[PDB]
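Below: start_37.cif (mmCIF, C-alpha atoms)
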data_upload
loop_
_atom_site.label_atom_id
_atom_site.label_comp_id
_atom_site.auth_asym_id
_atom_site.auth_seq_id
_atom_site.Cartn_x
_atom_site.Cartn_y
_atom_site.Cartn_z
CA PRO B 1 127.94 109.91 167.56
CA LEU B 2 129.18 107.18 169.90
CA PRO B 3 126.44 105.92 172.29
CA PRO B 4 126.43 102.26 173.50
CA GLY B 5 124.40 101.43 170.38
CA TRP B 6 127.08 101.60 167.70
CA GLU B 7 129.32 98.61 166.96
CA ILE B 8 132.86 98.61 165.57
CA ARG B 9 133.24 97.47 161.96
CA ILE B 10 135.96 98.44 159.50
CA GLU B 11 135.07 99.34 155.92
CA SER B 12 136.98 97.73 153.08
CA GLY B 13 138.10 100.37 150.62
CA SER B 14 139.58 103.40 152.29
CA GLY B 15 140.56 101.45 155.38
CA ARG B 16 138.75 103.55 157.97
CA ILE B 17 136.70 102.05 160.78
CA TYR B 18 132.94 102.63 160.91
CA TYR B 19 130.13 101.90 163.30
CA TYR B 20 126.99 99.80 162.98
CA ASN B 21 123.87 100.73 164.91
CA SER B 22 121.82 97.56 165.26
CA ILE B 23 119.14 99.52 167.14
CA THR B 24 117.91 101.79 164.36
CA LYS B 25 119.66 99.54 161.82
CA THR B 26 121.74 102.50 160.67
CA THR B 27 125.24 101.98 159.29
CA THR B 28 127.77 104.23 157.52
CA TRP B 29 130.82 103.70 155.28
CA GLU B 30 133.96 104.58 157.30
CA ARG B 31 133.05 106.43 160.55
CA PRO B 32 129.65 108.04 161.32
CA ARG B 33 129.05 111.17 159.24
CA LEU B 34 126.91 112.55 162.07
#
Rewrite the coordinates I just gave you, this time as structure tokens.
Amino acid sequence: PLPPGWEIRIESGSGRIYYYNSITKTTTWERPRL
């Protein structure tokens, strides 16, 4: 998803950007798979 809880981080490997949710402490390698 993309609520005001995710933060923009890029993942080193494939080169895609992913998001970091500091609220629930959830993070995911290149983009959110949900």
So how many Å separate atom CA of residue B:13 and atom CA of residue B:32, to one decimal?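 For atom CA of residue B:13 relative to atom CA of residue B:32, the distance reads 15.6 Å.
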Just give me the gap between atom CA of residue B:2 and atom CA of residue B:21 in Å, one decimal is fine.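 For atom CA of residue B:2 relative to atom CA of residue B:21, the distance reads 9.7 Å.
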Please work out which residues fall within 8 Å of (133.0, 101.9, 154.5), coordinates as given in the file, with all atoms listed in the file counting, and return them as a PyMOL selection string. chain B and resi 10-18+28-31
Could you work out an axis-aligned box for stretch 4-17 of chain B, taking every atom the file lists and adding 6 Å on each side, and report centre and edge lengths in Å to one decimal, as lines of an AutoDock Vina configuration file?
center_x = 132.5
center_y = 100.5
center_z = 162.1
size_x = 28.2
size_y = 18.1
size_z = 34.9
I'd like the residues picked by the PyMOL selection byres ((chain B and resi 23) around 12) written out as a list in words, using the chain letters and numbers from the file. residues 3, 4, 5, 6, 7, 19, 20, 21, 22, 24, 25, 26 and 27 of chain B
For stretch 1-19 of chain B, supply N, CA, C and O atoms and report the output as an mmCIF file, keeping the file's coordinate frame.
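Saved to rebuild-v8.cif:
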data_model
loop_
_atom_site.group_PDB
_atom_site.id
_atom_site.type_symbol
_atom_site.label_atom_id
_atom_site.label_comp_id
_atom_site.auth_asym_id
_atom_site.auth_seq_id
_atom_site.Cartn_x
_atom_site.Cartn_y
_atom_site.Cartn_z
ATOM 1 N N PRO B 1 127.856 109.900 166.102
ATOM 2 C CA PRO B 1 127.940 109.910 167.560
ATOM 3 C C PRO B 1 128.628 108.645 168.040
ATOM 4 O O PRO B 1 129.153 107.883 167.226
ATOM 5 N N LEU B 2 128.575 108.383 169.340
ATOM 6 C CA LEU B 2 129.180 107.180 169.900
ATOM 7 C C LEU B 2 128.482 106.682 171.170
ATOM 8 O O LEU B 2 129.142 106.444 172.180
ATOM 9 N N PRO B 3 127.142 106.520 171.160
ATOM 10 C CA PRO B 3 126.440 105.920 172.290
ATOM 11 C C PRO B 3 126.667 104.413 172.311
ATOM 12 O O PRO B 3 127.185 103.858 171.336
ATOM 13 N N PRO B 4 126.278 103.718 173.394
ATOM 14 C CA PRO B 4 126.430 102.260 173.500
ATOM 15 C C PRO B 4 125.479 101.498 172.556
ATOM 16 O O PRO B 4 124.976 100.429 172.899
ATOM 17 N N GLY B 5 125.264 102.052 171.368
ATOM 18 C CA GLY B 5 124.400 101.430 170.380
ATOM 19 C C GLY B 5 125.140 101.142 169.085
ATOM 20 O O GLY B 5 124.681 100.344 168.270
ATOM 21 N N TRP B 6 126.262 101.820 168.880
ATOM 22 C CA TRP B 6 127.080 101.600 167.700
ATOM 23 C C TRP B 6 128.018 100.418 167.945
ATOM 24 O O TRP B 6 128.387 100.140 169.086
ATOM 25 N N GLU B 7 128.408 99.746 166.875
ATOM 26 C CA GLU B 7 129.320 98.610 166.960
ATOM 27 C C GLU B 7 130.484 98.841 166.002
ATOM 28 O O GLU B 7 130.319 99.478 164.965
ATOM 29 N N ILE B 8 131.652 98.321 166.339
ATOM 30 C CA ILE B 8 132.860 98.610 165.570
ATOM 31 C C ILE B 8 133.052 97.656 164.397
ATOM 32 O O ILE B 8 133.231 96.449 164.574
ATOM 33 N N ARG B 9 132.965 98.206 163.193
ATOM 34 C CA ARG B 9 133.240 97.470 161.960
ATOM 35 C C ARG B 9 134.200 98.285 161.109
ATOM 36 O O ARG B 9 134.117 99.500 161.101
ATOM 37 N N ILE B 10 135.095 97.660 160.375
ATOM 38 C CA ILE B 10 135.960 98.440 159.500
ATOM 39 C C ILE B 10 135.453 98.321 158.072
ATOM 40 O O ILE B 10 134.959 97.262 157.682
ATOM 41 N N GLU B 11 135.543 99.397 157.292
ATOM 42 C CA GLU B 11 135.070 99.340 155.920
ATOM 43 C C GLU B 11 136.229 99.051 154.971
ATOM 44 O O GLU B 11 137.300 99.657 155.062
ATOM 45 N N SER B 12 135.986 98.132 154.057
ATOM 46 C CA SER B 12 136.980 97.730 153.080
ATOM 47 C C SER B 12 136.951 98.669 151.874
ATOM 48 O O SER B 12 135.965 98.732 151.137
ATOM 49 N N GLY B 13 138.026 99.420 151.704
ATOM 50 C CA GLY B 13 138.100 100.370 150.620
ATOM 51 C C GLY B 13 139.084 101.470 150.933
ATOM 52 O O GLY B 13 140.172 101.528 150.366
ATOM 53 N N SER B 14 138.706 102.334 151.854
ATOM 54 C CA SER B 14 139.580 103.400 152.290
ATOM 55 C C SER B 14 140.417 102.938 153.469
ATOM 56 O O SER B 14 141.538 103.399 153.674
ATOM 57 N N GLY B 15 139.854 102.016 154.242
ATOM 58 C CA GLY B 15 140.560 101.450 155.380
ATOM 59 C C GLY B 15 140.228 102.134 156.691
ATOM 60 O O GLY B 15 140.968 101.992 157.666
ATOM 61 N N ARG B 16 139.145 102.901 156.732
ATOM 62 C CA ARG B 16 138.750 103.550 157.970
ATOM 63 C C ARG B 16 137.701 102.700 158.679
ATOM 64 O O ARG B 16 136.955 101.952 158.040
ATOM 65 N N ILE B 17 137.655 102.805 159.994
ATOM 66 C CA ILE B 17 136.700 102.050 160.780
ATOM 67 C C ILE B 17 135.369 102.803 160.841
ATOM 68 O O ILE B 17 135.345 104.032 160.888
ATOM 69 N N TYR B 18 134.271 102.060 160.822
ATOM 70 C CA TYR B 18 132.940 102.630 160.910
ATOM 71 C C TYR B 18 132.142 101.940 161.990
ATOM 72 O O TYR B 18 132.620 101.009 162.638
ATOM 73 N N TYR B 19 130.952 102.436 162.235
ATOM 74 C CA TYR B 19 130.130 101.900 163.300
ATOM 75 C C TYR B 19 128.790 101.436 162.756
ATOM 76 O O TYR B 19 128.283 101.969 161.766
#
